[PDB]
Amino acid sequence: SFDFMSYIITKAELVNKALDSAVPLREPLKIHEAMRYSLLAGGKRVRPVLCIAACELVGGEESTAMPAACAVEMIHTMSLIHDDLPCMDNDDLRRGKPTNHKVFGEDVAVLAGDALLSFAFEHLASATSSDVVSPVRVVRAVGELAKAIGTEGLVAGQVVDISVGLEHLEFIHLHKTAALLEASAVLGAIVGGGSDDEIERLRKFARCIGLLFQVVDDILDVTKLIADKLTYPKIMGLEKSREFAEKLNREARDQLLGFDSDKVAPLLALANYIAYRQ
Amino acid sequence: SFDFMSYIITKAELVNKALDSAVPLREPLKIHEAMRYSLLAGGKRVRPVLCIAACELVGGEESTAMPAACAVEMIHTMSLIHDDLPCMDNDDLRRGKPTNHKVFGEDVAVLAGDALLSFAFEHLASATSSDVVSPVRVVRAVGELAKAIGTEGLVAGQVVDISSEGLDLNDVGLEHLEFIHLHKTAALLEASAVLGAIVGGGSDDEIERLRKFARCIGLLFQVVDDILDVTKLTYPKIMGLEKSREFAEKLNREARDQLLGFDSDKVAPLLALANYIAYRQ
């Protein structure tokens, strides 16, 4: 009776409403319309949905986890805004409509990215209710989100993505993609009341579906600046890439043995969806 | 007797050692060299020192506030790195040295600023001692620093400044002027004093008086350097020159009045800093 598609839609639209209430437009406007433009451009919202999922699985409520979920989608948005800039990437179109700096300028773009990054923390720290989550856990959460974006996560992956073999590729993907996914699963588990063991199993899970996205997207492109030429089928061959993708989907499904029964359904569905898209 | 310069030199030197140790050269290296380059290029280090001062005044220990101080100076560094970008007030030279985006790419500059901003929070949350400072206070701190950087602080100031728009007519543009300086300079001064107070164990009342103190010397920096430059948008031309001198001495008074009630020997550095900023030639 479980519908993955119905799940993903109600969760995403719930998240979108939260993002709208969290960054209203006011005060100095150009900056807020700049933030809102990129932040409320919709999306699959996979990172916040994964964070709400991880919270529900360990027993927390959908609402406890909302500000954490908003925080990781703000980090995600900021990483894209600073990507599209001319010094890097230099793309004028994202999802059809033009990029943030092509509408407001590279100046307001850099600044809007910084504002989203800092508001992420302000929101995770202030809006997480003091009546459900102990300060200890909010502190641990902040530390994890920050670790995830810095030089052991998102930023390390972006720098290296500019300048030969397998661990170079895996490096870029563990930091650019998997680090913030890990942060999403782990934050959900933390503020949702999860135990240390549960938090480590959700970290491993997120790391696995984070690589899986990438191996599968590289396989799909041949079956129809550095991470474009360098693909898993080029390095491993196509068969070894497919075996790799099923080792990863397996390990992801096995981290979820041990949670019981009910709230594993969405995460299992997510894993299979990423694994077997066509 | 109390020696102000001896104080500021031992304190800055202490901060410098703290920052070198918090951002070592690890991998990947080019980014760590980009961060280190701007973070350890020396400087007066007034914000972290203000934060340490504020911690000691409310009863806390010097070492307690050290990660908070490193956080505010990292944030400050990012604000300089992103100030210099070509899209933003392009500056080929910072200090006397070439700018961060002129040594590494502009891309590595943007990313280094992002790594510094994030490490501020990682370091403030992770490295702050869990048995001297309660998590409740660490949470409040994360919030004050974040608020300080955002659109109610630093970034609101850098936008209304390089972005639209103000009227510089005297005496109309007066509240435009205050706005730019309350956000571009004083927001982060307020955060460092407040961080210092929060983490030193100070009460909700100490904290608001040190917040006002910091707001006053933050405005004071600006009024005084504008007064010295007459010896686009400035205090003597919007308000001054005489009304500016009285404004600067009102600000010095009020800053000195925020310190009554503390015990009179750990106020000496803050008083000295105030009088120093206030009186130049």
# chains A, B, ... in the order shown; residues from 1 in each chain; ligands from 1

call {"tool": "closest_atom_pairs", "arguments": {"of": "chain B", "to": "chain A", "cutoff": "7 Å", "atoms": "only C-alpha atoms", "output": "tab-separated table"}}
result
residue	atom	partner	partner_atom	distance
B:28	CA	A:156	CA	6.6
B:87	CA	A:107	CA	5.6
B:88	CA	A:107	CA	5.7
B:106	CA	A:87	CA	6.0
B:107	CA	A:87	CA	5.1
B:108	CA	A:159	CA	6.8
B:111	CA	A:155	CA	6.4
B:115	CA	A:150	CA	4.8
B:118	CA	A:146	CA	5.2
B:119	CA	A:150	CA	6.3
B:121	CA	A:146	CA	6.2
B:122	CA	A:143	CA	4.9
B:125	CA	A:143	CA	5.8
B:126	CA	A:143	CA	6.0
B:135	CA	A:135	CA	5.4
B:136	CA	A:135	CA	5.5
B:139	CA	A:125	CA	6.0
B:142	CA	A:125	CA	6.6
B:143	CA	A:122	CA	5.0
B:146	CA	A:122	CA	5.1
B:147	CA	A:122	CA	6.1
B:149	CA	A:118	CA	6.4
B:150	CA	A:115	CA	5.1
B:151	CA	A:115	CA	6.3
B:155	CA	A:111	CA	6.4
B:156	CA	A:28	CA	6.5

call {"tool": "residues_around", "arguments": {"residues": "residue 179 (chain B)", "least_positions_apart": "6", "cutoff": "10 Å", "atoms": "only C-alpha atoms", "output": "PyMOL selection string"}}
result
chain B and resi 153+156-157+160-161+173+186

call {"tool": "write_last_selection", "arguments": {"atoms": "C-alpha atoms", "output": "PDB file, in the first residue's frame"}}
result
ATOM      1  CA  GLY B 153      24.233  42.210   9.990  1.00  0.00           C
ATOM      2  CA  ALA B 156      22.839  43.618   4.775  1.00  0.00           C
ATOM      3  CA  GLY B 157      25.630  46.207   5.072  1.00  0.00           C
ATOM      4  CA  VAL B 160      23.045  48.424   0.873  1.00  0.00           C
ATOM      5  CA  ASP B 161      26.558  49.721   0.342  1.00  0.00           C
ATOM      6  CA  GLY B 173      21.178  60.785   4.621  1.00  0.00           C
ATOM      7  CA  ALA B 186      29.446  47.150  14.371  1.00  0.00           C
TER       8      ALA B 186
END

call {"tool": "residues_around", "arguments": {"residues": "residue 50 (chain B)", "least_positions_apart": "3", "cutoff": "10 Å", "atoms": "only C-alpha atoms", "output": "PDB file with N, CA, C and O atoms, in the first residue's frame"}}
result
ATOM      1  N   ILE B   8      47.618  44.549  24.351  1.00  0.00           N
ATOM      2  CA  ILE B   8      47.133  44.249  23.012  1.00  0.00           C
ATOM      3  C   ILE B   8      48.127  43.403  22.224  1.00  0.00           C
ATOM      4  O   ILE B   8      47.735  42.568  21.414  1.00  0.00           O
ATOM      5  N   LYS B  11      48.002  39.751  23.618  1.00  0.00           N
ATOM      6  CA  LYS B  11      46.725  39.193  23.210  1.00  0.00           C
ATOM      7  C   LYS B  11      46.674  38.869  21.708  1.00  0.00           C
ATOM      8  O   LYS B  11      46.279  37.771  21.321  1.00  0.00           O
ATOM      9  N   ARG B  45      43.793  42.462  14.955  1.00  0.00           N
ATOM     10  CA  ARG B  45      43.047  41.425  15.668  1.00  0.00           C
ATOM     11  C   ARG B  45      42.162  41.979  16.797  1.00  0.00           C
ATOM     12  O   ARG B  45      42.053  41.391  17.868  1.00  0.00           O
ATOM     13  N   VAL B  46      41.511  43.109  16.528  1.00  0.00           N
ATOM     14  CA  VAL B  46      40.673  43.827  17.504  1.00  0.00           C
ATOM     15  C   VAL B  46      39.393  43.081  17.898  1.00  0.00           C
ATOM     16  O   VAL B  46      38.916  43.195  19.029  1.00  0.00           O
ATOM     17  N   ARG B  47      38.825  42.328  16.966  1.00  0.00           N
ATOM     18  CA  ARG B  47      37.610  41.598  17.254  1.00  0.00           C
ATOM     19  C   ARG B  47      37.853  40.420  18.180  1.00  0.00           C
ATOM     20  O   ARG B  47      37.210  40.326  19.243  1.00  0.00           O
ATOM     21  N   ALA B  53      38.607  39.989  25.950  1.00  0.00           N
ATOM     22  CA  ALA B  53      38.433  41.010  26.960  1.00  0.00           C
ATOM     23  C   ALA B  53      37.097  40.838  27.633  1.00  0.00           C
ATOM     24  O   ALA B  53      36.993  40.836  28.868  1.00  0.00           O
ATOM     25  N   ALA B  54      36.071  40.662  26.812  1.00  0.00           N
ATOM     26  CA  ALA B  54      34.723  40.569  27.329  1.00  0.00           C
ATOM     27  C   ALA B  54      34.545  39.296  28.168  1.00  0.00           C
ATOM     28  O   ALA B  54      33.833  39.311  29.177  1.00  0.00           O
ATOM     29  N   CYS B  55      35.202  38.207  27.773  1.00  0.00           N
ATOM     30  CA  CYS B  55      35.114  36.976  28.551  1.00  0.00           C
ATOM     31  C   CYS B  55      35.758  37.142  29.932  1.00  0.00           C
ATOM     32  O   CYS B  55      35.186  36.768  30.969  1.00  0.00           O
ATOM     33  N   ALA B  69      36.803  33.590  19.791  1.00  0.00           N
ATOM     34  CA  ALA B  69      37.611  34.623  19.175  1.00  0.00           C
ATOM     35  C   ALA B  69      38.126  34.204  17.786  1.00  0.00           C
ATOM     36  O   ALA B  69      38.085  35.001  16.833  1.00  0.00           O
ATOM     37  N   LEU B 189      31.504  43.524  15.630  1.00  0.00           N
ATOM     38  CA  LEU B 189      32.015  43.943  16.934  1.00  0.00           C
ATOM     39  C   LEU B 189      31.050  43.538  18.035  1.00  0.00           C
ATOM     40  O   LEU B 189      31.463  42.961  19.039  1.00  0.00           O
ATOM     41  N   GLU B 190      29.760  43.816  17.843  1.00  0.00           N
ATOM     42  CA  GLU B 190      28.731  43.398  18.801  1.00  0.00           C
ATOM     43  C   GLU B 190      28.766  41.895  19.028  1.00  0.00           C
ATOM     44  O   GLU B 190      28.706  41.437  20.177  1.00  0.00           O
ATOM     45  N   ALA B 191      28.831  41.128  17.940  1.00  0.00           N
ATOM     46  CA  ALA B 191      28.920  39.683  18.086  1.00  0.00           C
ATOM     47  C   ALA B 191      30.162  39.262  18.868  1.00  0.00           C
ATOM     48  O   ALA B 191      30.065  38.411  19.725  1.00  0.00           O
ATOM     49  N   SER B 192      31.335  39.827  18.607  1.00  0.00           N
ATOM     50  CA  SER B 192      32.490  39.366  19.382  1.00  0.00           C
ATOM     51  C   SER B 192      32.361  39.730  20.879  1.00  0.00           C
ATOM     52  O   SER B 192      32.610  38.874  21.733  1.00  0.00           O
ATOM     53  N   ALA B 193      31.962  40.953  21.220  1.00  0.00           N
ATOM     54  CA  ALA B 193      31.752  41.270  22.651  1.00  0.00           C
ATOM     55  C   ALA B 193      30.707  40.338  23.294  1.00  0.00           C
ATOM     56  O   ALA B 193      30.914  39.781  24.382  1.00  0.00           O
ATOM     57  N   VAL B 194      29.573  40.181  22.627  1.00  0.00           N
ATOM     58  CA  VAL B 194      28.519  39.313  23.126  1.00  0.00           C
ATOM     59  C   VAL B 194      28.954  37.846  23.276  1.00  0.00           C
ATOM     60  O   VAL B 194      28.640  37.217  24.286  1.00  0.00           O
ATOM     61  N   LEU B 195      29.667  37.310  22.283  1.00  0.00           N
ATOM     62  CA  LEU B 195      30.228  35.952  22.338  1.00  0.00           C
ATOM     63  C   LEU B 195      31.125  35.787  23.554  1.00  0.00           C
ATOM     64  O   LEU B 195      30.984  34.821  24.309  1.00  0.00           O
ATOM     65  N   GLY B 196      32.039  36.745  23.740  1.00  0.00           N
ATOM     66  CA  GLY B 196      32.884  36.793  24.917  1.00  0.00           C
ATOM     67  C   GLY B 196      32.107  36.731  26.227  1.00  0.00           C
ATOM     68  O   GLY B 196      32.445  35.935  27.135  1.00  0.00           O
ATOM     69  N   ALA B 214      29.963  47.674  22.537  1.00  0.00           N
ATOM     70  CA  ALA B 214      30.534  47.309  21.258  1.00  0.00           C
ATOM     71  C   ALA B 214      29.911  48.119  20.104  1.00  0.00           C
ATOM     72  O   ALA B 214      30.608  48.504  19.149  1.00  0.00           O
ATOM     73  N   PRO B 269      41.242  47.187  30.274  1.00  0.00           N
ATOM     74  CA  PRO B 269      41.497  47.100  28.827  1.00  0.00           C
ATOM     75  C   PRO B 269      40.397  47.721  27.954  1.00  0.00           C
ATOM     76  O   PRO B 269      40.704  48.346  26.935  1.00  0.00           O
ATOM     77  N   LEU B 270      39.133  47.531  28.328  1.00  0.00           N
ATOM     78  CA  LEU B 270      38.028  48.035  27.507  1.00  0.00           C
ATOM     79  C   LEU B 270      37.986  49.557  27.529  1.00  0.00           C
ATOM     80  O   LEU B 270      37.758  50.208  26.500  1.00  0.00           O
ATOM     81  N   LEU B 273      40.889  50.755  25.346  1.00  0.00           N
ATOM     82  CA  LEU B 273      40.536  50.625  23.934  1.00  0.00           C
ATOM     83  C   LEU B 273      39.626  51.772  23.485  1.00  0.00           C
ATOM     84  O   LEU B 273      39.829  52.366  22.422  1.00  0.00           O
TER      85      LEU B 273
END

call {"tool": "select_by_dssp", "arguments": {"residues": "region 57-270 of chain A", "states": "strand (DSSP E)", "output": "PyMOL selection string"}}
result
chain A and resi 93-94+97-98

call {"tool": "write_last_selection", "arguments": {"atoms": "C-alpha atoms", "output": "PDB file, in the first residue's frame"}}
result
ATOM      1  CA  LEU A  93      20.761  28.491 -17.106  1.00  0.00           C
ATOM      2  CA  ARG A  94      19.626  26.190 -14.314  1.00  0.00           C
ATOM      3  CA  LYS A  97      15.198  29.884 -15.900  1.00  0.00           C
ATOM      4  CA  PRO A  98      18.447  31.942 -15.740  1.00  0.00           C
TER       5      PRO A  98
END

call {"tool": "atom_distance", "arguments": {"atom1": "CA of residue 72 (chain A)", "atom2": "CA of residue 77 (chain B)"}}
result
24.1 Å

call {"tool": "atom_distance", "arguments": {"atom1": "CA of residue 265 (chain B)", "atom2": "CA of residue 68 (chain B)"}}
result
23.2 Å

call {"tool": "select_by_dssp", "arguments": {"residues": "region 121-265 of chain B", "states": "helix (DSSP H, G or I)", "output": "NGL selection string"}}
result
:B and (121-127 or 135-149 or 154-162 or 174-184 or 186-199 or 206-229 or 235-238 or 242-257)

call {"tool": "closest_residue", "arguments": {"among": "B:103, B:49, B:58, B:39", "to": "residue 263 (chain B)", "atoms": "only C-alpha atoms"}}
result
B:58

call {"tool": "residues_around", "arguments": {"residues": "residue 51 (chain A)", "least_positions_apart": "5", "cutoff": "8 Å", "atoms": "only C-alpha atoms", "output": "ChimeraX atom specification"}}
result
/A:65,68-69,184-189

call {"tool": "residues_around", "arguments": {"residues": "residue 181 (chain A)", "least_positions_apart": "5", "cutoff": "10 Å", "atoms": "only C-alpha atoms", "output": "VMD selection string"}}
result
chain A and resid 46 to 48 50 to 51 72 76 148 174 to 176 186 to 187 203 205 to 210

call {"tool": "residues_around", "arguments": {"residues": "residue 199 (chain B)", "least_positions_apart": "6", "cutoff": "10 Å", "atoms": "only C-alpha atoms", "output": "CSV table (one decimal) with N, CA and C atoms, in the first residue's frame"}}
result
chain,number,residue,atom,x,y,z
B,51,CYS,N,36.6,40.1,22.2
B,51,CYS,CA,35.9,38.9,22.7
B,51,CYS,C,36.6,38.3,23.9
B,52,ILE,N,37.9,38.2,23.9
B,52,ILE,CA,38.7,37.7,25.0
B,52,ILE,C,38.5,38.7,26.2
B,54,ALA,N,36.1,40.7,26.8
B,54,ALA,CA,34.7,40.6,27.3
B,54,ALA,C,34.5,39.3,28.2
B,55,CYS,N,35.2,38.2,27.8
B,55,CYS,CA,35.1,37.0,28.6
B,55,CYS,C,35.8,37.1,29.9
B,56,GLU,N,37.0,37.7,30.0
B,56,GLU,CA,37.6,37.9,31.2
B,56,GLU,C,36.9,38.8,32.2
B,58,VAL,N,33.6,39.3,32.6
B,58,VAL,CA,32.4,38.8,33.2
B,58,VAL,C,32.7,37.6,34.1
B,59,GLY,N,34.0,37.3,34.3
B,59,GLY,CA,34.5,36.3,35.3
B,59,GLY,C,35.1,35.1,34.6
B,60,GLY,N,35.0,35.0,33.3
B,60,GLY,CA,35.5,33.8,32.6
B,60,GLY,C,37.0,33.8,32.5
B,61,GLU,N,37.5,32.7,32.0
B,61,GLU,CA,38.9,32.5,31.8
B,61,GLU,C,39.3,32.8,30.4
B,64,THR,N,38.9,30.0,27.7
B,64,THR,CA,37.5,29.7,27.4
B,64,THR,C,37.0,30.3,26.2
B,65,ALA,N,37.4,31.5,25.9
B,65,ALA,CA,36.9,32.3,24.8
B,65,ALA,C,37.7,32.2,23.5
B,66,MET,N,38.8,31.4,23.6
B,66,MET,CA,39.7,31.4,22.5
B,66,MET,C,39.1,30.8,21.2
B,68,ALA,N,35.8,30.9,20.3
B,68,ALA,CA,34.9,32.0,19.9
B,68,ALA,C,35.7,33.2,19.2
B,128,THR,N,34.9,24.6,21.7
B,128,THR,CA,34.5,25.2,23.0
B,128,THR,C,34.3,24.1,24.1
B,129,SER,N,34.9,24.3,25.2
B,129,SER,CA,35.0,23.3,26.2
B,129,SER,C,33.5,23.0,26.7
B,132,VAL,N,33.2,23.9,30.8
B,132,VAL,CA,33.3,25.2,31.2
B,132,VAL,C,32.1,26.0,30.7
B,133,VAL,N,31.7,25.7,29.5
B,133,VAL,CA,30.5,26.3,28.9
B,133,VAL,C,29.4,25.4,28.6
B,134,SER,N,28.2,25.7,29.1
B,134,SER,CA,27.0,24.9,29.0
B,134,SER,C,26.6,24.9,27.5
B,137,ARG,N,24.4,28.0,26.4
B,137,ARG,CA,25.1,29.2,26.0
B,137,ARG,C,25.9,29.0,24.7
B,138,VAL,N,26.4,27.8,24.3
B,138,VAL,CA,27.0,27.6,23.0
B,138,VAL,C,26.0,27.7,21.9
B,140,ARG,N,23.2,29.7,22.1
B,140,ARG,CA,22.9,31.1,22.0
B,140,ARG,C,24.0,31.8,21.2
B,141,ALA,N,25.3,31.4,21.4
B,141,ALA,CA,26.4,31.9,20.7
B,141,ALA,C,26.4,31.7,19.2

call {"tool": "atom_distance", "arguments": {"atom1": "CA of residue 53 (chain A)", "atom2": "CA of residue 270 (chain A)"}}
result
10.2 Å
